[PDB]
Amino acid sequence: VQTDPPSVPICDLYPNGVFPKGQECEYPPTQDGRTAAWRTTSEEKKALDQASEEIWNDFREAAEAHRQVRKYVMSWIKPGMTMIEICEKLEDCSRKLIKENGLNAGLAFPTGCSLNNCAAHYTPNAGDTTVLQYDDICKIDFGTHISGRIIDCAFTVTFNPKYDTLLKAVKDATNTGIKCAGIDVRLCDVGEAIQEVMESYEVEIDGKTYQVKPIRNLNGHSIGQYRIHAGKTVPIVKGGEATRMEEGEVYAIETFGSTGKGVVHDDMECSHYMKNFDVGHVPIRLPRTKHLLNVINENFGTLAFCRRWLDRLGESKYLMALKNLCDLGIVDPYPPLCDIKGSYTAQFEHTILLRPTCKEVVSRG
Ligand SMILES: O=C(NCc1cc(F)cc(Cl)c1)[C@@]1(O)CCN(c2ccccc2)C1=O
Ligand SMILES: [Mn+2]
Ligand SMILES: [Mn+2]
């Protein structure tokens, strides 16, 4: 059984190696009204589903580690803690439960703990003295993986009840996106449905009223093996592309709500980086740059990483080698994404499997 604090790897809690399924859903009906129930008992669909059983099982193991980590985080995350303390305590638990083992199992991307106007991609670098405040709105977004089968799942933390309606708006919008998702569903329809739900909410924060706006330049996305953003985008506003979701794809369904402009821009010091998946082999002679690329290739491959993780591996004086990798287009920087100063942003996110037989919200217990 799991300890308190959690320290037993998920693999040791399920001795037979069969990990728990997430929530299973029938796909939404078509506009004409034809149900998709036929998938659950179809001979061809069960065969295609069974063929990918090892892949779904890997996602389920990573999802169980993610659920146990986030229940642990909710039990202790409190104002007054530094953002570094929060990230290191969360990551220490995640490394243990996922039974971190090089590229076979581990952390899929850095722990995002973006605050207030910053909506995403913020994790502290060394020396960051930022402390979580009682009035902050903190987005905890972290990932686990087994064999590069990634769980991307996020939630918002608050201490002041004044943001409760903002959180409910975004949670309802994300649950709408999850409900609307399915094989052959136009991605633009998912976005329109999400916006319609999110914008039906009005919030009052310190005597100022706001209509909740989805962050138009943030979105959900397809997930590939060791590829957090596989190429398809799930909009959270109307006006997107009518491109459809397909059988066997994995999506992160996420929404962001804001009291600001509903648009993010790169801001602050960069902490997140990730190798460009489309860049092949590049011989490097420059020694510090060569060394850092070897470190990245061995420890992260195409998964996102952060500067704190390079520090933890014992690397130092690597910032110019890292900028060289960015300038060569081998690595890409992912700086914090912020709405206007004084604005509040919230996020909820789950990972879904578009299985031939059903839609499984694998990160939801
Ligand atoms: O977990 C997440 N990010 C991790 C990540 C770290 C990294 F370094 C590189 C990548 Cl691509 C992803 C998010 O859910 C939060 C924001 N976000 C997103 C950003 C822009 C457009 C659409 C979505 C995601 O996917
Ligand atoms: Mn995420
Ligand atoms: Mn995501």
Side-chain angles (χ1 to χ4, degrees), residues 62-63 66 69-70 73 87 90-91 94 107-115 118-123 125 138-145 148 150-157 170 174 177-178 181 187 190-191 194 214-224 226-237 240-241 249-258 262-278 296 299-310 322 325-326 330-339 345-352 362-363:
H66 200 291
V69 171
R70 71 197 191 247
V73 173
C87 291
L90 189 156
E91 289 162 10
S94 188
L107 308 193
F109 52 84
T111 305
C113 49
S114 315
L115 306 163
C118 179
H121 296 164
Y122 163 82
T123 200
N125 283 329
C138 181
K139 284 70 70 181
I140 295 292
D141 187 345
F142 69 99
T144 53
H145 79 90
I150 301 162
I151 295 291
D152 180 6
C153 179
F155 58 98
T156 301
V157 173
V170 185
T174 294
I178 293 168
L187 288 159
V190 182
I194 287 174
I215 300 184
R216 66 186 181 212
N217 61 337
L218 287 177
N219 46 84
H221 49 89
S222 61
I223 292 168
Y226 299 101
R227 190 160 203 190
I228 190 57
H229 283 197
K232 283 201 183 162
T233 75
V234 186
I236 65 173
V237 301
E241 277 166 47
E249 292 181 333
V250 180
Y251 281 88
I253 304 295
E254 67 193 302
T255 78
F256 292 84
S258 176
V263 194
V264 292
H265 62 271
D266 295 344
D267 212 348
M268 314 183 293
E269 183 167 285
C270 190
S271 60
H272 292 49
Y273 302 84
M274 188 172 75
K275 279 231 303 185
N276 177 332
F277 194 96
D278 296 318
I296 292 164
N299 291 278
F300 316 119
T302 56
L303 301 168
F305 58 95
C306 62
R307 284 199 220 178
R308 283 185 296 106
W309 290 356
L310 292 173
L322 185 57
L325 297 173
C326 292
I330 294 160
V331 170
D332 292 315
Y334 288 88
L337 300 168
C338 307
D339 199 326
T345 65
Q347 176 199 16
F348 290 95
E349 175 177 32
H350 272 296
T351 294
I352 71 173
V362 70
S363 55

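Count residues from 1 along the sequence. For ligands, and for the atoms within them, numbers begin at 1 and follow the listed sequence.
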Measure the distance from [atom] to every protein heavy atom, then report the residue, atom name and distance (to 0.1 Å) of the closest one.
| atom | answer |
| --- | --- |
| atom 2 (C) of ligand 1 | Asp141 OD2, 3.4 Å |
| atom 16 (C) of ligand 1 | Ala120 CB, 3.5 Å |
| atom 14 (O) of ligand 1 | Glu254 OE1, 2.6 Å |
| atom 25 (O) of ligand 1 | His229 NE2, 2.7 Å |

Considering non-hydrogen atoms only, spot the tightest contact between [X] and [Y] and give its length.
| X | Y | result |
| --- | --- | --- |
| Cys270 | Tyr273 | O-OH, 3.5 Å |
| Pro110 | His272 | CB-NE2, 3.8 Å |
| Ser363 | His350 | OG-ND1, 2.7 Å |
| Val190 | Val234 | CG1-CG1, 3.7 Å |

Show which atoms of ligand 1 fall inside a sub-4.0 Å distance from at least one heavy-atom site of [X].
| X | answer |
| --- | --- |
| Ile228 | 10 (C), 11 (Cl), 12 (C) |
| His272 | 6 (C), 8 (F) |
| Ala304 | 6 (C), 7 (C), 8 (F) |
| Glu349 | 14 (O) |

Would [X] count as being in polar contact with ligand 1, using the rule that some N or O on each side must be under 3.5 angstrom apart?
| X | result |
| --- | --- |
| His221 | yes |
| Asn219 | no |
| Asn217 | no |
| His121 | yes |
| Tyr334 | no |

Is there a side-chain contact between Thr156 and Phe348, using heavy atoms and a 4.5 Å cut-off? yes
Contact between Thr144 and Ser94 at the side-chain level, heavy atoms closer than 4.5 Å - yes or no? yes
So, do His145 and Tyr226 have ring centers that fall under 6.0 Å from each other? yes
Please name the residue in the list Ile223, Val362, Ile253 that meets the side chain to side chain contact (heavy atoms under 4.5 Å, CB included) test with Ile352. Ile253
From the Mn ion (ligand 3) out to just under 2.8 Å, does an N/O/S atom of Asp141 turn up?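 Under 2.8 Å: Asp141 has no N, O or S contact with the Mn ion (ligand 3).
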The Mn ion (ligand 3) to nearest N/O/S of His229 less than 2.8 Å: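 Looking at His229, which is the residue asked about, there is no N, O or S atom under 2.8 Å from the Mn ion (ligand 3).
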Do you know which N/O/S atom name in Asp152 is closest to the Mn ion (ligand 3)? OD2
Residue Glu349 atom name (nearest to the Mn ion (ligand 3); N/O/S):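 Result for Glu349 and the Mn ion (ligand 3): OE2.
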Can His221 and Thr233 be said to form a side chain to side chain contact (heavy atoms under 4.5 Å, CB included), step by step? CA-CA 4 Å; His221 49 89; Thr233 75; 5.7 Å; no
In terms of the angle between their ring planes, are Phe142 and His66 parallel, tilted or perpendicular, with boundaries placed at 30° and 60°?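 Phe142 vs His66 ring planes: parallel.
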Answer yes or no as to whether an N/O/S atom of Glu254 is found below 2.8 Å from the Mn ion (ligand 2).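 False for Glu254.
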Separation between CG of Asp141 and CZ of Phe256, rounded to the nearest 0.5 Å: 6.5 Å
To the nearest 0.5 Å, how far apart are CD in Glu349 and CD1 in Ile151?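 Reported value, rounded in 0.5 Å steps: 10.5 Å.
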Between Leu218 and ligand 1, which part of the residue brings a heavy atom under 4.0 Å of the ligand: side chain, backbone, both or neither?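 Within the 4.0 Å criterion, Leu218 contacts ligand 1 through side-chain atoms alone.
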